[PDB]
Amino acid sequence: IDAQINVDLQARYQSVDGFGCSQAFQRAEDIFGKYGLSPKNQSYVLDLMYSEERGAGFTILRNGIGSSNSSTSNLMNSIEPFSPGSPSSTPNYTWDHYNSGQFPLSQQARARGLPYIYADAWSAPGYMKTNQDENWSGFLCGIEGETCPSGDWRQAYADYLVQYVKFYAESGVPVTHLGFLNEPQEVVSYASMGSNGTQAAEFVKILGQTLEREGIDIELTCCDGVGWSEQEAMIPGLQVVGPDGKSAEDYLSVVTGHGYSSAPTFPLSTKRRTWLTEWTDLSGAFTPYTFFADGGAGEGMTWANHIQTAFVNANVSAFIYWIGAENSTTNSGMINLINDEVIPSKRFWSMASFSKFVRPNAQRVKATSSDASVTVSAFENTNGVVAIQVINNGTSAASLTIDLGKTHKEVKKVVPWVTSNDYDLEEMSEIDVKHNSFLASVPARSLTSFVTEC
Ligand SMILES: *[C@@H]1O[C@H](CO)[C@@H](O[C@@H]2O[C@H](CO)[C@@H](O[C@@H]3O[C@H](CO[C@H]4O[C@H](CO)[C@@H](O)[C@H](O)[C@@H]4O)[C@@H](O)[C@H](O[C@H]4O[C@H](CO)[C@@H](O)[C@H](O)[C@@H]4O)[C@@H]3O)[C@H](O)[C@H]2NC(C)=O)[C@H](O)[C@H]1NC(C)=O
Ligand SMILES: *[C@@H]1O[C@H](CO)[C@@H](O[C@@H]2O[C@H](CO)[C@@H](O[C@@H]3O[C@H](CO)[C@@H](O)[C@H](O)[C@@H]3O)[C@H](O)[C@H]2NC(C)=O)[C@H](O)[C@H]1NC(C)=O
Ligand SMILES: *[C@@H]1O[C@H](CO)[C@@H](O[C@@H]2O[C@H](CO)[C@@H](O[C@@H]3O[C@H](CO)[C@@H](O)[C@H](O)[C@@H]3O)[C@H](O)[C@H]2NC(C)=O)[C@H](O)[C@H]1NC(C)=O
Ligand SMILES: *[C@@H]1O[C@H](CO)[C@@H](O[C@@H]2O[C@H](CO)[C@@H](O)[C@H](O)[C@H]2NC(C)=O)[C@H](O)[C@H]1NC(C)=O
Ligand SMILES: *[C@@H]1O[C@H](CO)[C@@H](O)[C@H](O)[C@H]1NC(C)=O
Ligand SMILES: *[C@@H]1O[C@H](CO)[C@@H](O)[C@H](O)[C@H]1NC(C)=O
């Protein structure tokens with residue numbers, strides 16, 4: 001079919017912080033050879049994830065603030081594993097320069113140019129909660145409606161999160177973003193802690209005011225809701241103005257949600273930047289080579305479309321997959337490790353196509369398609385490089401006319417990068433741009449990134 005694409009760089013929307021993943025629950029250790037990954041492939045995996053030149057150039061790493069009093073199973077151990085006795089008692093903090101592999105990972109990401117580290121707690125330690133357990137949800141003692149005999153642990157949890165941040169900064173790795181909940185809706189056998197919008201809002205202000213007293217500059221986030229509409233449901237709570245004249249929203253830099261219980265397909269009703277902070281296929285299926293087959297949950301194109309929809313329809317500034325690389329034959333990670341073997345999925349190459357060319361502080365700009373089989377997004381980088389992502393979900397190749405409209409300079413060359421059943425992230429021959437317009441074919445069932453050269 002013939003499709004006209006029109007890009008208007010004068011119609012500008014949200015800014016981009018970028019793309020990344022987590023290595024939480026000891027999956028950092030997989031990248032560092034726990035299951036036999038060779039030194040060559042450890043370096044290769046870190047290059048795929050964090051090198052702009054050789055891989056995806058991911059700009060966000062989401063690390064877990066461990067709540068556990070051991071490192072058995074897949075547990076993330078805490079800097080304050082055992083009760084100090086009472087909320088006012090002196091904490092016994094312990095720093096291992098490790099954080100379940102996440103500390104060295106952070107160093108090696110940063111060494112390759114990673115700007116943003118997002119530290120997120122799944123739970124306060126057990127002894128700070130109503131149920132005296134890091135597991136099975138429960139509430140931080142002292143938040144509205146949730147008293148405990150042992151007293152009020154709110155300030156203690158804020159001081160604990162700040163201590164985690166200081167250990168990182170004093171070891172040469174500043175944390176840029178901090179969250180204190182993960183999926184507060186979920187009652188599960190692993191690290192988890194509940195709260196509604198009002199309870200979340202109450203702690204945002206305590207944590208915010210605590211970081212101001214300590215003179216620590218960091219971006220606060222909430223609430224990593226299990227789904228987008230679950231996060232939406234908490235935002236009015238975060239927007240309630242208390243007698244102090246402030247909302248939790250006044251302290252937040254970023255509102256965060258997951259895609260599991262509902263996908264980012266509409267804009268959250270906050271004035272802050274929004275991030276999709278966790279999403280993957282948890283079916284247990286294994287589809288590393290499939291860009292398109294039947295629209296399965298683990299397919300390359302499914303994730304190409306999740307990403308494009310999140311930016312174009314859900315107005316996000318970042319997209320963070322769940323696990324980057326893990327020793328498994330499931331779709332829960334983007335890169336499958338099989339002992340000393342690296343298999344990057346089409347889900348990874350889809351993320352890489354966006355991340356490689358849509359760099360931090362890029363602005364999303366208007367892009368329209370004359371045919372629904374061909375979906376488009378466009379971003380302008382701060383250096384002026386325009387990156388246009390085109391998903392052709394046609395059963396046949398699409399002949400595109402792409403019109404960049406009025407630009408700052410003039411555009412003379414554009415380079416296509418293709419992802420499909422046949423290609424990972426394949427650089428094609430440059431295309432001549434005449435009067436800020438060019439012709440291009442895109443294959444059936446493909447993602448193409450068109451990147452302007454100078
Ligand atoms: C190191 O950290 C671990 C993990 O956080 C701690 O182990 C937990 O300790 C807590 C506190 O005693 C235990 O909490 C209790 O959990 C019960 C659930 O019991 C069963 O269910 C699960 C899953 O099927 C099993 O893992 C478990 O073994 C049990 O068979 C709750 O029913 C209890 O609730 C009662 O007490 C609370 C708190 O006072 C009340 O609010 C309740 O209403 C109710 O009366 C209780 O919450 C927890 O089970 C332990 N987990 C594990 C995995 O062992 C260690 O305590 C900690 N060690 C140190 C030294 O700090
Ligand atoms: C999509 O997300 C972006 C954030 O990435 C949202 O931008 C935010 O828009 C609001 C409302 O326009 C801005 O607040 C306003 O600020 C101006 C200038 O200070 C002021 O005149 C208004 O009274 C109001 O407070 C906010 O600054 C802006 N946020 C950022 C980070 O730029 C955008 O609104 C979202 N779009 C949709 C449709 O939800
Ligand atoms: C580092 O990782 C690479 C990439 O996984 C490893 O190389 C790959 O090793 C596997 C063997 O486990 C090879 O798989 C074989 O591929 C052929 C097809 O070409 C297939 O017919 C066989 O059944 C088998 O699956 C793979 O080809 C191979 N080399 C590549 C992709 O270049 C490597 O062994 C790891 N270690 C080191 C030290 O590099
Ligand atoms: C691309 O088009 C195909 C149909 O040609 C869509 O595939 C369907 O996807 C759903 C789940 O989204 C499956 O339940 C159906 O079985 C699929 N139909 C097939 C394979 O015939 C696919 O969703 C489209 N992808 C887009 C628009 O991103
Ligand atoms: C790593 O994953 C593969 C594939 O699932 C599995 O068979 C293997 O046993 C795992 N390695 C170790 C050392 O457990
Ligand atoms: C949140 O929880 C508290 C304590 O149960 C309750 O008082 C409050 O009304 C709840 N907030 C909302 C918005 O339901």
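In this chain, numbering begins with 1 at the start of the sequence shown.
- For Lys366 (side chain) and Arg12 (main-chain N/O), no donor-acceptor pair under 3.5 Å exists by modelled atom type.
- A salt bridge does not link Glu299 with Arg347: every distance from a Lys NZ or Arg NE/NH1/NH2 to an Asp or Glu carboxylate oxygen is 4.0 Å or more.
- Between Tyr116 and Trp275, the ring planes are tilted. Angles from 30° to 60° get that label.
- Heavy-atom neighbours of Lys409 NZ from other residues, nucleotides or ligands within 6.0 Å: at or below the threshold of 12.
- Without hydrogens or angle criteria, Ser73 side chain to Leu75 main chain gives no donor-acceptor distance under 3.5 Å.
- Applying the 6.0 Å contact sphere to CG of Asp217 captures no more than 12 heavy atoms from other residues, nucleotides or ligands.
- Geometrically, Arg364 engages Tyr13 in a cation-pi contact, judged by NZ or CZ lying under 6.0 Å from the ring centre and within 45° of the ring axis.
- Screening residues 133-178 for disulfide bond (SG atoms under 2.5 Å apart) gives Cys141-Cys148 as the qualifying pairs, with residues at least two apart or on separate chains.
- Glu219 places no side-chain N or O within 3.5 Å of a backbone atom of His177 that could act as its donor or acceptor partner.
- Residue pairs meeting the disulfide bond (SG atoms under 2.5 Å apart) criterion with at least one partner in residues 162-202, sequence neighbours excluded, do not occur; the list is empty.
- For the disulfide bond (SG atoms under 2.5 Å apart) condition, no pair includes a residue of residues 194-278, sequence neighbours left out.
- Under the side-chain hydrogen bond (donor to acceptor under 3.5 Å, both in side chains) criterion, the residue pairs touching residues 135-145 are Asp133-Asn135, with sequence neighbours excluded.
- In this structure, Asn92 places its CG atom where only 12 or fewer heavy-atom neighbours from other residues, nucleotides or ligands lie under 6.0 Å away.
- The cationic atom of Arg445 (NZ for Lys, CZ for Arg) lies less than 6.0 Å from the six-membered ring centre of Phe292 and within 45° of the ring axis.
- Between the side chains of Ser123 and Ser67, no donor-acceptor pair of N or O atoms lies under 3.5 Å.
- For the ring pair (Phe, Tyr, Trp, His ring centres under 6.0 Å) test with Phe103, the passing option among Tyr98, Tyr164, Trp95 is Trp95; the others fail.
- Side chain of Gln26 to main chain of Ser71: a donor-acceptor pair is present (N/O by atom type, distance under 3.5 Å, no hydrogens or angles).
- Looking at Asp250 and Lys271, a side-chain N of the basic residue comes within less than 4.0 Å of a carboxylate O on the acidic one, giving a salt bridge.
- Counting non-hydrogen atoms of other residues, nucleotides and ligands closer than 6.0 Å to CZ of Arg54 gives a total of 12 or fewer.
- Identified under the side-chain hydrogen bond (donor to acceptor under 3.5 Å, both in side chains) test for residues 303-319, with sequence neighbours left out: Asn305-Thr309, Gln308-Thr375, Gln308-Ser377.
- For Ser355 (side chain) and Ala56 (main-chain N/O), a donor-acceptor pair under 3.5 Å exists by modelled atom type.
- Formation of a donor-acceptor pair under 3.5 Å by the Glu134 side chain with backbone atoms of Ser68 is found in this model.
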### Message
Applying ring-ring contact (aromatic ring centres under 6.0 Å, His included) to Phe354 and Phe319, what does each step give before you reach the verdict?
### Response
CA-CA 10 Å; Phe354 277 87; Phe319 196 109; 8.4 Å; no
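- Between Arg154 and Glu202 there is a salt bridge, since a side-chain N of the basic residue sits under 4.0 Å from a carboxylate O of the acidic one.
- Salt bridge status for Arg112 with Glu52: absent, with no side-chain N to carboxylate O gap under 4.0 Å.
- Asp120 places no side-chain N or O within 3.5 Å of a backbone atom of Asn63 that could act as its donor or acceptor partner.
- Between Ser100 and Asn77, the shortest heavy-atom distance links the atoms OG-OD1, 3.5 Å.
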### Message
One pair to check against side chain to side chain contact (heavy atoms under 4.5 Å, CB included): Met334 and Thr280. What are the steps and the verdict?
### Response
CA-CA 8 Å; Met334 275 182 295; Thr280 189; over 6 Å; no
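- A donor-acceptor distance shorter than 3.5 angstrom exists from the side chain of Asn381 to the backbone of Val385, with no hydrogens or angles considered.
- Between the side chains of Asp224 and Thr277, a donor-acceptor pair is found at a separation under 3.5 Å.
- For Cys21, there are no disulfide bond (SG atoms under 2.5 Å apart) partners, not counting sequence neighbours.
- Between the side chain of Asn436 and the backbone N or O of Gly405 there is at least one donor-acceptor pair closer than 3.5 Å.
- With hydrogens and angles disregarded, a donor-acceptor distance shorter than 3.5 Å links the side chain of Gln239 to the backbone of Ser269.
- For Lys246, the NZ atom is loosely surrounded, since the number of other residues' heavy atoms within 6.0 Å does not exceed 12.
- Salt bridge present: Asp424 and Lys346 bring a charged side-chain N and a carboxylate O closer than 4.0 Å.
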